[PDB]
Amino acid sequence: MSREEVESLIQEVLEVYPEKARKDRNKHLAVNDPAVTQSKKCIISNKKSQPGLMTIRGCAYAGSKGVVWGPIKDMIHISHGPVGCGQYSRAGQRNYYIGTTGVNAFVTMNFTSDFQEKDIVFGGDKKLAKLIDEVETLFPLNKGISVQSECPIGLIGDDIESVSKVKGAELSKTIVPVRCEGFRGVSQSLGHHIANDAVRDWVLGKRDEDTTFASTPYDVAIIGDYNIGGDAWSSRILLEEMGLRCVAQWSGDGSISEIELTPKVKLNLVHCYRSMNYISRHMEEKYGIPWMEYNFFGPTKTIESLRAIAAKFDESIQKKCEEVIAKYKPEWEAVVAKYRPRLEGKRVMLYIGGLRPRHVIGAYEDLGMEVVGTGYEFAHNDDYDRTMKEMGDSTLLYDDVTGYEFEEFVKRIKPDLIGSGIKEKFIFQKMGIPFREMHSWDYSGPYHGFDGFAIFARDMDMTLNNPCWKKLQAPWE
């Protein structure tokens, strides 16, 4: 669609709103332009949602408990507050891990303080202290505890940092208080930041002067991969085939000892910039560890990343890098040969959280597809800067899109495929538009790396070309 058509579509969609919401939402909708590379000249982001408009966003607790802390497999994470938050989020995110659940690993369990009104009236700090003792008795192999605060904690004036200090000293235990109450910030994003700072303040410096770990010149950490369907594993295997040693994975399949060893690495490899750029900058300031952004979606980006990573080391790693690329060349070329002819020219609209709305574009293009609209629930302008470079000229960009906007944009643009979340999936299927979940991978994946590209391609094809999409209209209508 031409820039002029897209701009007209934006204004037509905004006509339904009351004035205040109309003026606000206009600032969060934009048309990509190569002459404007500074996103702060064309789109506003990381602001409050307008009331009543059916934002798709979550809260700070989802950012902290969901991605940063919850996946750390050998800690117990307490959803501290009433029963809702921990139950709705129990095992909804596919942060894959190896462990013996309930014994030495705990990711898919829901530990909670189950606040009742009495806890609102009298405070929950005594309950939290008793709860910690019960955790230690019943789960003796846990290697640390985190306290994920829900909305009431800060509102009633509880002091979980005092409980965490006192109980941690009593039990010689790492107990991490996280003030990620959902009323803080505007979205999941501030939860990331709060959770990063909690890692910094309570865990990361534990081994600052400990020299017992034997480091090598090729030690790296994977920062910001939550291992959805094994995504981080399908990345790690490549980094180590290339001669690197992945000392830590934050946070998918992660462990508290991995976190504590991360200041020993030579390079931090950041996949999800949005959620862990905070701790990466801290580690550079404090420990001198450089960090770099990379992208393991699709062969073009995976190859580019491996080369850029290897270039940070020496000729021996660059040699292994080219050996890895040569090994997998026939594999992804065969995926392209099978599936690109079946997907070439098809147009995709995306809406996801903080990374994937730009990070998966290369993988779609490796299959001959085109992303004609994208947007984020909770990205910041530095994300949109990176997005304008990846997206085509005159494409549609939307920040904190409303349900109404997304539906109306789709009706006009008529994409061949939509990639978004569970709250969107069933709307667009009913409209007859193939849909793929781009958070959960629709219970498939991995999608990272060369092995993940094959699954991604198979999945876009199975859904876009499925026989069901030809059957929505009854033959008598």
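Throughout, we count residues from 1 along the sequence that is shown.
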(Q) Quick check on the record: does 98-106 or 165-173 carry the larger mean Cα temperature factor? (A) 165-173
(Q) Quick check: 237-245 versus 203-211, which has the larger average CA B-factor in the record? (A) 203-211
Q. Looking at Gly182, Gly86, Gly353, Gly362, which has the highest CA B-factor as recorded?
A. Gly362
(Q) Just the C-alpha B-factor column, please: which of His282, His80, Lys338, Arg90 has the biggest number? (A) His282
Q) Looking at the C-alpha B-factor of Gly123, is it in the lowest, middle or highest third of its chain? A) highest
Q | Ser39, C-alpha B-factor rank within chain (lowest, middle or highest third) | A | highest
Q: Sorting the chain's modelled residues by C-alpha B-factor, tell me whether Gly298 ends up in the lowest, middle or highest third.
A: lowest
Q: Divide the modelled residues of the chain into thirds by Cα B-factor and specify which third, lowest, middle or highest, holds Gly288.
A: highest
Q | Assigned third (lowest, middle, highest) for the C-alpha B factor of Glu150 | A | lowest
